[PDB]
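Asks: Experimental structure and sequence below, a few questions after.
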Amino acid sequence: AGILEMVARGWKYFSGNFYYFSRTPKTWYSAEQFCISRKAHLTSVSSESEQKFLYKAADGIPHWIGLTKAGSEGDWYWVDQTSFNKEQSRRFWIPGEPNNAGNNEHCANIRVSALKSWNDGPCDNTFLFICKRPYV
Amino acid sequence: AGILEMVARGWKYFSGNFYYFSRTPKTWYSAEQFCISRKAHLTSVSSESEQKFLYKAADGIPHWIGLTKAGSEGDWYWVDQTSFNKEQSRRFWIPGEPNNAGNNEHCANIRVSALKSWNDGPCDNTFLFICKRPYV
Amino acid sequence: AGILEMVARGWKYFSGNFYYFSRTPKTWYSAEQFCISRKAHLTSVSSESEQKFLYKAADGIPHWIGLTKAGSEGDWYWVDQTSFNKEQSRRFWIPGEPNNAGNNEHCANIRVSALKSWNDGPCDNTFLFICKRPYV
Ligand SMILES: OC[C@H]1O[C@@H](O)[C@H](O)[C@@H](O)[C@@H]1O
Ligand SMILES: OC[C@H]1O[C@@H](O)[C@H](O)[C@@H](O)[C@@H]1O
Ligand SMILES: OC[C@H]1O[C@@H](O)[C@H](O)[C@@H](O)[C@@H]1O
Ligand SMILES: [Ca+2]
Ligand SMILES: [Ca+2]
Ligand SMILES: [Ca+2]
């Protein structure tokens, strides 16, 4: 269905995508499994515009997003398979991040309500999360 | 008011009805009293289409619906007074349900995010709940 | 942006204003600081119509509104700077209120889901809150 139908089912809408901001917290993988069941994936962030929408909408509560490493010693990528713009990302990480604390932080969340808000954390940490699916 | 006004007050909309998914948990009766104050009743489920909308929207959190027995030794009915389709219902109960545990389970909730998701429980159990009112 | 865009970002809409009903509780000042960051202020209540919308939408959970005293021994005013109609207000206070308990209740909240629902409380009490911003 369309914008009205999705918005009237609880989805947010912004720049050609719908977003589901979860009620309850999950691990990164359990979140992604839930998003898949809603025909979605944990959100990518493919513009500063989208970053601004998302950090504002997350209300200062940490939220898992769809950035994860390709294995525990791998490079970051978006689980929805859109291209990961490394250089753009420096504008979105909290100062000092990603810092791979304990060598065990392989997923990312929007930690605070700021443009510089991404932190890497243990994927088994439980947070609210953001699903994204395209407006088609 | 209309769809936009109801959606912009927090109501969901689907197939000619509005739905209010509660913030906080109540007993079955306290939920129904709240729904009445919002010109609604605890939701009926009168199609597989509606069941699908509701279990999806309930996000895997148990939610009271408007099915209750006519007294503690009575037959199931919908509190909004729409006809209860016994045979259709077998498609919506969790396997084993209704099981009338302790002979004291006289109200029903959508317990999980599946098509087979209804469980009978004690009406004094406190859960989130779903109000329904027609789009007129 | 317009009604659809605001509603699709979580804002409620009623009689020419948008409203943000918070996820988490804050002190009165921390709430107001958050509302300002969302181009809003803690809500004023400038009609019985608006009072009805707000108490209904607050779902029986106490919510901070934008009424505060001009200093701890001052008169009530709306932080968004709309005129405070003293005489109208008597229709909206809970019976007995405002009672300035402990001589330390200098902010107001909608405490219950009724037309007579405002209570003065300590501004350092933590409640959910309501931001308002005009539809322009
Ligand atoms: O909460 C303590 C935090 O320290 C930060 O600087 C790290 O980057 C986080 O991953 C860690 O959670
Ligand atoms: O949580 C224990 C549960 O056992 C189930 O099989 C019953 O049908 C429920 O009513 C009960 O709550
Ligand atoms: O909860 C106890 C309450 O007593 C009321 O009558 C006061 O007006 C409140 O400000 C106070 O919180
Ligand atoms: Ca980190
Ligand atoms: Ca049962
Ligand atoms: Ca008081």
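Replies: Yes, it's here. Numbers count the residues shown, from 1 in each chain, chains lettered A, B, ... in the order given. Ligands and ions are numbered 1, 2, ... in the order given.

Asks: Quick check: residue A:50 vs ligand 6, distance?
Replies: Applying C-beta to the ion, to the nearest Å, the value for residue A:50 to ligand 6 is 44 Å. (Each C-beta comes from the backbone N, C-alpha and C, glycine too.)

Asks: And for that residue, the neighbour number?
Replies: Counted by other C-beta atoms under 10 Å in any protein chain shown, the residues lying close to residue A:50 total 18.

Asks: How about the secondary structure of it?
Replies: helix (DSSP: H, G, I helix; E, B strand; the rest coil).

Asks: which residues touch it?
Replies: Applying C-beta atoms under 8 Å, 6 or more residues apart in numbering or on different chains to residue A:50 gives the contacts A:14-15, A:17.

Asks: And for residue A:113?
Replies: Residue A:113 neighbours (C-beta under 8 Å, 6+ apart): A:55-56, A:58-60, C:37.

Asks: circling back to that earlier point, any of the contacts of residue A:50 buried? List them.
Replies: A:14, A:17 (16 or more other C-beta atoms under 10 Å in any protein chain shown).

Asks: Which of the contacts of residue A:50 fall within strands?
Replies: Per DSSP state E, strands hold the following members of the contacts of residue A:50: A:14, A:17.

Asks: before we move on, back to that, which of the contacts of residue A:113 count as buried?
Replies: By neighbour count, with 16+ other C-beta under 10 Å, these hold A:55-56, A:58-60 as buried.

Asks: gap between residue A:87 and residue A:115?
Replies: 15 Å (C-beta to C-beta, to the nearest Å).

Asks: In terms of neighbours, single out the busier of the two.
Replies: More neighbours surround residue A:115 than the other of residue A:87 and residue A:115, with 13 against 6 (other C-beta under 10 Å).

Asks: burial measure for residue A:93, as a count.
Replies: Neighbour tally, residue A:93, other C-beta under 10 Å: 17.

Asks: I'd like the distance between it and ligand 6.
Replies: Taking C-beta to the ion, one finds residue A:93 at 46 Å from ligand 6.

Asks: which ones are touching the residue nearest the centre of chain A?
Replies: In chain A, the C-alpha nearest the mean C-alpha coordinate belongs to residue A:65, at 1.6 Å (C-alpha atoms, centre = their mean). Neighbouring residues of residue A:65 by C-beta under 8 Å, 6+ apart: A:42-45, A:54, A:108-110, A:118, A:129-130.

Asks: Run through the bridge partners of the closest residue to residue A:20 other than its chain neighbours.
Replies: Of all residues not flanking residue A:20 in the chain, residue A:131 sits nearest, at 4.0 Å (C-beta to C-beta, 6 or more residues apart in numbering or on different chains). For residue A:131, the beta-bridge partners are residue A:20, residue A:42 (DSSP bridges).

Asks: Torsion angles phi and psi at the residue nearest to the centre of chain A?
Replies: phi -120, psi 180 (degrees, to the nearest 10).

Asks: Quick check: closest non-adjacent residue to the residue of chain A found nearest chain B.
Replies: Residue of chain A nearest chain B, by C-beta to the nearest C-beta: residue A:8 (3.9 Å). Distance criterion C-beta to C-beta, 6+ apart; nearest residue to residue A:8, sequence neighbours excluded, is residue B:13 at 3.9 Å.

Asks: how near is that neighbour to residue A:10?
Replies: 11 Å.

Asks: same deal with residue A:47?
Replies: 24 Å.

Asks: follow-up on the earlier one: could you check how far the residue nearest to residue A:20 is from residue C:44?
Replies: 35 Å.

Asks: and those two? which has more neighbours close in?
Replies: residue A:131 (25 against 22).

Asks: Tell me if I'm right that the more buried one and residue A:34 touch.
Replies: Yes. Assessed by C-beta atoms under 8 Å, residue A:131 is found in contact with residue A:34 at 7.3 Å.

Asks: joint contacts of those two?
Replies: By C-beta under 8 Å, 6+ apart, the residues touching both residue A:131 and residue A:34 are residue A:22.

Asks: And the helices in chain A, which stretches?
Replies: For chain A, the helices defined by DSSP state H cover A:3-7, A:28-37, A:48-57, A:86-89.

Asks: Of those, which is nearest ligand 1?
Replies: helix A:28-37 (13.2 Å; C-beta to the nearest ligand atom).

Asks: So what angle separates the directions of the closest one and helix B:48-57?
Replies: Orientation check (axes from the mean of the first three to the mean of the last three C-alpha atoms, to 10 degrees): helix A:28-37 against helix B:48-57 gives 160 degrees.

Asks: tell me what helix A:28-37 is packed against?
Replies: strand A:41-42, strand A:63-69, strand A:128-134 (3 or more C-beta pairs under 8 Å, 6 or more residues apart in numbering or on different chains; DSSP states H and E).

Asks: Just the C-alphas of it, formatted as PDB.
Replies: Extracted C-alpha coordinates of helix A:28-37, given in PDB (Å, rounded to 0.1, in the frame of the first residue of the first chain):
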ATOM      1  CA  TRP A  28      21.200  -6.200  16.500                       C
ATOM      2  CA  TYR A  29      20.400  -9.600  14.900                       C
ATOM      3  CA  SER A  30      17.000 -10.000  16.600                       C
ATOM      4  CA  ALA A  31      16.200  -6.500  15.400                       C
ATOM      5  CA  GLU A  32      17.200  -7.400  11.800                       C
ATOM      6  CA  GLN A  33      15.100 -10.600  11.900                       C
ATOM      7  CA  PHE A  34      12.100  -8.500  13.000                       C
ATOM      8  CA  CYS A  35      12.700  -5.900  10.300                       C
ATOM      9  CA  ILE A  36      12.800  -8.700   7.700                       C
ATOM     10  CA  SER A  37       9.400 -10.000   8.900                       C
END
